[PDB]
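Student:
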Amino acid sequence: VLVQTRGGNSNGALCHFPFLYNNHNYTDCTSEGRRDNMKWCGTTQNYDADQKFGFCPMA
Ligand SMILES: *[C@@H]1O[C@H](CO)[C@@H](O)[C@H](O)[C@H]1NC(C)=O
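In the entry's author numbering, the protein residues as written are 1 to 59.
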């Protein structure tokens, strides 16, 4: 699969996995920070120390 994003805090980067999100190593996309339904993903390897996310346009 290929999760690429463009607009989040990555200024145009490909989401990566696994990605620590608030001490929550997520090896995929998650909608815990959304209130609609889609799912986003971190673009860094340490969200707790990076603060960079993106979207997960995929299935
Ligand atoms: C998440 O993975 C990183 C890389 O191995 C590790 O340093 C960190 O402690 C892990 N955190 C959790 C909650 O598993």
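By construction, the Cβ of each residue, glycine as well, lies at the ideal position given by its N, Cα and C atoms.
Comparing C-alpha positions only, which one of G8, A49, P57, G12 sits nearest to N25?
Tutor: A49
Student: Note down the Cα distance separating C56 from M38, rounded to an integer number of angstroms.
Tutor: 8 Å
Student: Note down the Cα distance separating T43 from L20, rounded to an integer number of angstroms.
Tutor: 10 Å
Student: For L14, which residues from the same chain have a beta carbon less than 6 Å from its beta carbon, with the 5 sequence-adjacent residues on both sides left out?
Tutor: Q4
Student: Is any non-hydrogen atom of ligand 1 found closer than 6 Å to the C-beta of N22, if you look at the structure I gave you?
Tutor: no
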